[PDB]
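*Asks:* no sequence on this one, just coordinates:
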Ligand SMILES: C[As+](C)(C)CC(=O)[O-]
């Protein structure tokens, strides 16, 4: 039976303002999936549905990305994207309000040097998903990764309670990044605020300056329209991760579903 029959031509998505959802809308146009439906939801509802479907070995298609804990807990695959609708060579960037590195060159320089791998981010995501509190897990991380933190803080000095406001979107990945770097800041002496906001407001907050920095930029593909819209109005000072991926994801037990093209059948 055909992917469209298996899932009733429905794809499970996340928050409507995210670029993955925008990129999935493009792919549906690109591959002529014109009678298909994309359900808007959220990160937590998407994985709850995946879990419910997977536990019953029922077919599902989700808007998925890596780094994500769901790939270590379940056997998943990306559908081949021959048209490259989701693009290529995606990274995760560290952005700030414009001229933030002129005010607090010490904080900027740290953010600039923050980087890490998928497996590493995953250590945090797994525990957070298991119900542990992200500040607590972030503490465990920074102790356990002594050699790494040192790399981040090469040339970085303590402080006297200097305020820094980190905006972030509650994707599982960005929860981890923000909390980890959150900790490394609070140890350096900063008074740290974390402001949760949705995807567009996150960018609007950096570009207007209602927040200082964010670890939540996925570039150049995922957040292309937000970057374009606010070109000139923020600084891009870091790449925390490369090789990251986004697209349509299915459980491996859907053996006959392997490409977005299979959804046309
Ligand atoms: C690939 As994610 C859900 C971490 C970022 C976005 O805007 O879609």
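*Replies:* In hand now; what should we look at? Numbers count the residues shown, from 1 in each chain.
*Asks:* sec struct for the closest residue to residue 94 other than its chain neighbours, please.
*Replies:* Counting by Cβ to Cβ, 6 or more residues apart in numbering, residue 94 lies nearest to residue 238, which is 3.2 Å off, once chain neighbours are set aside. Where C-beta positions appear, they are placed from N, C-alpha and C, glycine not excepted. Secondary structure, DSSP: H, G, I helix; E, B strand; the rest coil: residue 238 is strand.
*Asks:* need the contact list for residue 238.
*Replies:* Residue 238 is in contact with 93, 94, 111, 112, 113, 114, 115, counting by Cβ atoms under 8 Å, 6 or more residues apart in numbering.
*Asks:* can you count the residues close to the residue in the stretch 151-265 of the chain that the ligand sits nearest to?
*Replies:* Among the residues of the stretch 151-265 of the chain, residue 171 lies nearest to the ligand; the distance is 3.9 Å by Cβ to the nearest ligand atom. By the criterion of other Cβ atoms under 10 Å, residue 171 has 21 neighbours.
*Asks:* distance of it relative to residue 39?
*Replies:* 17 Å (Cβ to Cβ, to the nearest Å).
*Asks:* can you check residue 178 too?
*Replies:* Distance, residue 178 to residue 39, by Cβ to Cβ: 27 Å.
*Asks:* look at the two and report which has more neighbours.
*Replies:* Comparing residue 178 with residue 39 by other Cβ under 10 Å, the one with more neighbours is residue 178, at 26 against 15.
*Asks:* contacting residues for the more buried one?
*Replies:* When contacts are counted by Cβ under 8 Å, 6+ apart, residue 178 touches 166, 168, 194, 214, 215, 216.
*Asks:* ok, then the element right after the lengthiest helix in the chain?
*Replies:* Ordering each helix of the chain by length in residues (DSSP state H) puts helix 172-188 first. As assigned by DSSP states H and E, the chain's next helix or strand after helix 172-188 is strand 191-196.
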